[PDB]
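Got a structure here, written out as structure tokens. Questions coming.
As written, the chains take the letters A, B, C, D, E and F, and residue 1 is the first residue of each chain.
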Amino acid sequence: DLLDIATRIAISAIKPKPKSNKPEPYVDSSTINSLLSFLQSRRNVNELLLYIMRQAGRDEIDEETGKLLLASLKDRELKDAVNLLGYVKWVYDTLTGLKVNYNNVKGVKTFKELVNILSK
Amino acid sequence: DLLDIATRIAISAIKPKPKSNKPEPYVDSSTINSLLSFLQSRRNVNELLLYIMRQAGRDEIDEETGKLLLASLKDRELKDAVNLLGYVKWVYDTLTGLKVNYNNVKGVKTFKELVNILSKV
Amino acid sequence: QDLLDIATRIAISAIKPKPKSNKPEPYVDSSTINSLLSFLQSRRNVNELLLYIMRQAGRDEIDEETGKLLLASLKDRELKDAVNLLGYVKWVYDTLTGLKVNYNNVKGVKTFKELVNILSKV
Amino acid sequence: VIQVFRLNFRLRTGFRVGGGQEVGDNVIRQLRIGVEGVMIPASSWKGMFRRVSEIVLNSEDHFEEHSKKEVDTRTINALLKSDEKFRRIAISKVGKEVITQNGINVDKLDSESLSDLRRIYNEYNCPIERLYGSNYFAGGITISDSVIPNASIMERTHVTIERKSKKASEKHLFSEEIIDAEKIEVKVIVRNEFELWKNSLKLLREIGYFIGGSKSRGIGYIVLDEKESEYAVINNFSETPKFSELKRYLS
Amino acid sequence: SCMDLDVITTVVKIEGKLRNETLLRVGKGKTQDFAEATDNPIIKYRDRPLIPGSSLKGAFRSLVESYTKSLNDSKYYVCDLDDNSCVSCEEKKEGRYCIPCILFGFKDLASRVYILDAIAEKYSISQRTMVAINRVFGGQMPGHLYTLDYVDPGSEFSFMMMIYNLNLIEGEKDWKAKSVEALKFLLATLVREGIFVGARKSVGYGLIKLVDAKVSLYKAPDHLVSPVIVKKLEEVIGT
Amino acid sequence: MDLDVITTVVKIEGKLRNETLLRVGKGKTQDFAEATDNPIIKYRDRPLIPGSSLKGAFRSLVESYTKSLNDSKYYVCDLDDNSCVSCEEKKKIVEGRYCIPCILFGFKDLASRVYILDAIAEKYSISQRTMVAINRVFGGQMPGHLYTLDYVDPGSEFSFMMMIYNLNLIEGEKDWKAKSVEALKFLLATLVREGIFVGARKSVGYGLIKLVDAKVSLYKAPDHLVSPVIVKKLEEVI
């Protein structure tokens, strides 16, 4: 399902940023909102992937996170892409607002496992 | 049954919200209406769980109430989820309209107990 | 008889005029009690009816004291007696509304036979 | 031979069979019981079945109350001397003195007795009367009611729209009850193994008829199924009856 | 004589799926009657949105009345619903007839065309609140604020309609011919153009359109087990 | 007035090209497809103009036109006024005062004869613009009032469809309840050439729709209602 992919990519993106004064995610919500806005404005997948790659090259995006995003969006329709991006943004917002620790979500691969972890 | 779960959820959601200059519950009726409308429109339970998690992360839904909602709304049918949300909305509306103090109502875990409390006084 | 007394107590509680009103209207409306009966009929569950009346009381659409009395009466009733009680309540409320009886007349009548004595005299 | 049927109908939405509906108009009240809750009276079932059977037969004789032609008294005498049961019916109705064992006793006859005999002949020569009975006929079909333990009753309000200006006409607020259901179980016993009955059931299988009030407004539409419904034919009185799928009997 | 309900010659059943083009809003007779949803909820049969048969019958009758009055014929008239002195047909010596009275009945005569309810097997309910208040100043007054619930377009409703003693395929004669012509006109309008029904029709809320229909004609007393002809309504309305 | 006899059915179907970026509001609800707290309304990733907003804008413009007419025979009454009637003709004669906005867009006592559908978009594109305020003292500082709003691209087709009953436009009405056809034609001309302003901001230029072209199909009841009688381009109508 799309939600599993979204949870996995959000988990990969919630990794702590190395060499930072404070414990913060390696990827910021501004980047995710920029991804959504860019996809909505351009309405295509190719230059969306180009923008993702450019951001990943310019830090602020984990290499594995960028790889997962590229693999997910390698061949997807516009509606499926926007659905996945919205799910990713919502999951990342949940993780940030809940201040969930990365070390407790390193093993989740589905959405149900994350839901159970959050509930417990 | 479902009514007990709904009463416990409503009691958790009616706890006073700190850092608020006016006496009010932690959540608002708008949040409950949004929950019901989102569940009706999307017709999916996992999307409802995502909505609940995001609302909790927006510092507007009590974390205990969110945990209760997530615990209840897993491995549960769509119709059962709709019924539970309707019960929660009705109990919350009743508590808001009656202006029930959270202090003397947080100690009940059964719907029948709440009914007895309301009937007695 | 005893259900009649319960119903007439409920009705005289519900006949209290709604304050700050342009017209001398009762606190409880006919549509409200009709909705109560219909909801009980469709939803054959006493607890759901209790939740309904509690929500209506919280909505300031029915009298708080009348709601308290209804909740106390139907707190531990079955369905067959509950529908009969609601029907009797509907009957007595309709009689009071049609007869144009004010609260000050019935006041605190406890027995249905006394109420019909008043109606026969009046 | 006695044919026993247990019909089930998967009606669309609900149905409504009112009665009394108190006074004061306002809402429409479906008939109650007091203990069993709600039910469909057997008379309504019989009326619906008679309507369906009349549609199926499409007999012009039945359409004019079987009063369109003059029946010769010679034919009446021939039937009376040929049918023992018909003679017994006539004797039990008009009187033993009026109708002897052999003959009609024209001297004792008068206008009303002759009219009664002609009507009896016409109705006895009609399959619908022979099945459902008549004012003097024995009958032939027994239908039970369909009392439902469920009491789920919802209210479907209605409003009238002024044609000159599309708005609610503040003259009345029509309110109609409705009994939602999915399987109406009715037990029917027929004491006349008539191909008319089979044809009526067959018509109910595909077309299906309405039952109850406000049928013109989407309230009440039953269709007989061949899966839940079952039948049983009884010819011997020394064996326990056996029920089987209605499809074998109807298809 | 238009009271021929005693003798049933033919019965036709129209089965199809009704798909709304715009945001169809159910009638919501549950005015201020919440059951398990927010504010005023649309009516539904066991949590399944249902188009009332009465609503469709009323819309069809209004359309038929408009058509009959547009005919501007002495032989065909429409009487007011509240009037109790109206009659269906007059056999005075050629006579007058009432097409809507013939079709959907009156006080003096029951209906001939039964209309069933409709349920969307694939329904999608959405809500759209609207403040919608502006004045000389141009702001929004909080008093005027309302929310409504809409069934999204792309929901197909199980639609079934039955007609008695009218050959929509073979055709009819005399007043029955005019009645069949009016029914054909209504069906063609429903299939091609569509009919508004439900909420505010000014704003494009509620527009049903019959996608595909099966017309099964039955003639008594011979062909009642199976219909003689099952033809697409598209090929029936236009020939 | 007369609504039970449907005489003329007028259908206008065209494309609404959004001139400047348009923003329509919603009930602050949340969806995955948006990341803004106050996004624009859309149905399944398709931005659309609700028919209610178009109805309101048209009604306001027609009311302004009627009040600018400055004639006693045609009036505009308050929306919340319970004493207003669509028509108040009296036989003092046949002179009567009508309400053109009430005649067209309806009222509490009369339904609207002008059905307006919604308008979904095809070649749309959502654009986000961020605006912040400038404190007048110490000019340049952003006081934290940084609000970002969603918009539609400047130029995108919209499916427009409108129904008008009992108002002949191609042929027009001679003198009976007239000045309503004239008001409708004026509104259509303003929409086509100038284009009305709708949307959320509507003061900084955000939201200016325009109708490029629309076939006007007339359906008459007696001869053939399903078959169109006359089909003409909207430009020739005005």
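Convention: a contact is a pair of C-beta atoms (placed from the backbone, for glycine too) under 8 Å apart; a residue touches a chain by one contact, two chains touch by 3 or more.
Chain by chain, the UniProt names read as follows: A, B, C = CRISPR-associated small subunit protein (Type III-D); D, E, F = CRISPR-associated Cas7 paralog (Type III-D).
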| item | value |
| --- | --- |
| Partner chains shared by chain B and chain F (touch criterion as defined above) | A, E |
| Smallest number of contact steps required from chain A to reach chain F | 1 |
| Chain of greatest Cα-centre distance to chain B | D |
| Of all other chains, the one whose Cα centre sits farthest from chain F | D |
| For chain A paired with chain E, centre-to-centre distance based on mean C-alpha positions, whole Å | 51 |
| Distance from chain C to chain B - Cα centre to Cα centre, in angstrom | 30 |
| Mean-CA-position distance for chain E and chain B (Å) | 42 |
| Numbers and ranges of chain A residues touching at least 2 other chains | 87, 90 |
| Multi-partner residues of chain D (each touching 2 or more other chains) | 163, 166 |
| Residues of chain E touching at least two other chains | 62, 65, 126-127, 201 |
| Residue ranges of chain B in contact with chain F within the complex | 34, 37-38, 47, 50-51, 54 |
| Sites on chain C touched by chain B in the complex | 47, 50-52, 54-55, 57-60, 68, 71-72, 75 |
| Chain D to chain F touching residues, read off their complex | 163-167 |
| Residues on chain C engaged by chain D in the complex (per definition of touch) | 34, 38, 41-42, 44, 94 |
| Complex interface listing, chain F residues touching chain B | 29-30, 32 |
